[PDB]
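Chemist: got an experimental structure here, sequence first:
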Amino acid sequence: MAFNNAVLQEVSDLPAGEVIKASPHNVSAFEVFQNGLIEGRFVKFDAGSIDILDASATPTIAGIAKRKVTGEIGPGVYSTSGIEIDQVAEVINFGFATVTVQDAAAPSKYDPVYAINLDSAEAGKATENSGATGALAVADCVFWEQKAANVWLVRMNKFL
Amino acid sequence: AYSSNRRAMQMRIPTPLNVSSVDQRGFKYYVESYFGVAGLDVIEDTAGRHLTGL
Amino acid sequence: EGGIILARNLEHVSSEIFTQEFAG
């Protein structure tokens, strides 16, 4: 398609997978991960690798996959074995980080963050709704501010 | 309605029409020609607008 | 097998600068 938008009404606000380096932040590199790791979304630590949330029992949410500004242009995706190979999966696991939320989400500040623990394109998306489909609580994480469409900056109190 | 701005629409014709040299197989002349075009490169989805029915 | 031209040379990158435009 020609481009996403000819003219934007207002500057789009801080895409997902971003950590603000003012507050105490920590983004920890994980050497092995899953192909197609959709950045800007909650990623679990399973069998010693970072991977997309799916219908697991109690996934160890390792944080939010960081968005690389100087990565491959395209869908925000961690991809192995290509010209756009990503060697290591930067995962934001402490501080304020932006995460894509569902379209149904209207999460006010300090609501507990829930991630869609489903095996689909909605995997690892934050939400307010504790009763959404495949919603799984994220321990000590709360919504903070509303960034660009469907992207909420959340706060991870402890290390995720 | 469309924007004739360079940054809105371009007409991409990377290679203009080239004609081959004349081929003479005895008394059978033959000329072939080609051109390479990308067509209308619309750069913005909302750089024009349509009215259907008028 | 395939061809002799790797993909990145068959695809051309335009030098023109395209600046994103916002409301006036």
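Modeler: It's in. Numbering: from 1, shown residues only, chains lettered A, B, ... in the order given.
Chemist: now whichever residue of chain B sits closest to chain A: how far from residue B:11?
Modeler: Using C-beta to the nearest C-beta, the single residue of chain B nearest to chain A is residue B:44, 3.5 Å away. C-beta here means a position set from N, CA and C on the backbone, and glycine is covered the same way. As for residue B:44, its distance to residue B:11 is 15 Å (criterion: C-beta to C-beta, to the nearest Å).
Chemist: any idea what residue A:33 is bridged to?
Modeler: Note on residue A:33: beta-bridge partners by DSSP bridges are residue A:50.
Chemist: neighbours of it, just the number please.
Modeler: Look at residue A:33: counted by other C-beta atoms under 10 Å in any protein chain shown, it has 24 neighbours.
Chemist: and what of the one 10 residues further on?
Modeler: With neighbours defined by other C-beta under 10 Å, the count for residue A:43 comes to 34.
Chemist: now do the contacts for it.
Modeler: Residue A:43 is in contact with A:33, A:37, A:50-53, A:61-65, A:89, A:91, A:124, counting by C-beta atoms under 8 Å, 6 or more residues apart in numbering or on different chains.
Chemist: looking at this, residue A:75 is in a helix?
Modeler: No: checked against DSSP: H, G, I helix; E, B strand; the rest coil, residue A:75 lies outside a helix; its state is coil.
Chemist: and the gap between it and chain C?
Modeler: Distance of residue A:75 to chain C, given as C-beta to the nearest C-beta, to the nearest Å: 19 Å.
Chemist: residue in chain B nearest to chain C?
Modeler: Residue of chain B nearest chain C, by C-beta to the nearest C-beta: residue B:7 (6.2 Å).
Chemist: contact partners for that residue?
Modeler: Contacts of residue B:7 by C-beta under 8 Å, 6+ apart are B:43, C:16, C:18-19.
Chemist: among the residues you listed, which one sits closest to chain A?
Modeler: residue B:43 (5.4 Å).
Chemist: surely that closest one touches residue B:3?
Modeler: No: judged on C-beta atoms under 8 Å, residue B:43 makes no contact with residue B:3 at a distance of 9.3 Å.
Chemist: overlap in contacts of these two?
Modeler: Residues within reach of residue B:43 and of residue B:3 at once, by C-beta under 8 Å, 6+ apart, are residue B:9.
Chemist: so between these two, which is more surrounded?
Modeler: A count of neighbours by other C-beta under 10 Å puts residue B:43 above the other of residue B:43 and residue B:3, at 17 against 14.
Chemist: can you tell me how far the residue of chain B closest to chain A is from residue C:13?
Modeler: Residue B:44 sits 19 Å away from residue C:13, going by C-beta to C-beta.
Chemist: again with residue C:20
Modeler: 18 Å.
Chemist: swap in residue A:100?
Modeler: Residue A:100 sits 29 Å away from residue C:13, going by C-beta to C-beta.
Chemist: so the two - more neighbours on which side?
Modeler: Comparing residue A:100 with residue C:13 by other C-beta under 10 Å, the one with more neighbours is residue A:100, at 26 against 5.
Chemist: what residues does chain B put near chain C?
Modeler: Residues of chain B lying close to chain C (C-beta under 8 Å from any C-beta of the partner chain) are B:6-7, B:14, B:43.
Chemist: residue of chain A with the smallest distance to chain C?
Modeler: Using C-beta to the nearest C-beta, the closest approach of chain A to chain C is made by residue A:7 at 4.7 Å.
Chemist: bridged to that residue, which residues?
Modeler: Going by DSSP bridges, residue A:7 forms beta bridges with residue C:21.
Chemist: contacts only, for it.
Modeler: So residue A:7 contacts B:44, B:46, C:21-23 (C-beta under 8 Å, 6+ apart).
Chemist: for the chain, which residue occupies the most central location?
Modeler: Unless you meant another one, I'm taking chain A. residue A:41 (1.9 Å; C-alpha atoms, centre = their mean).
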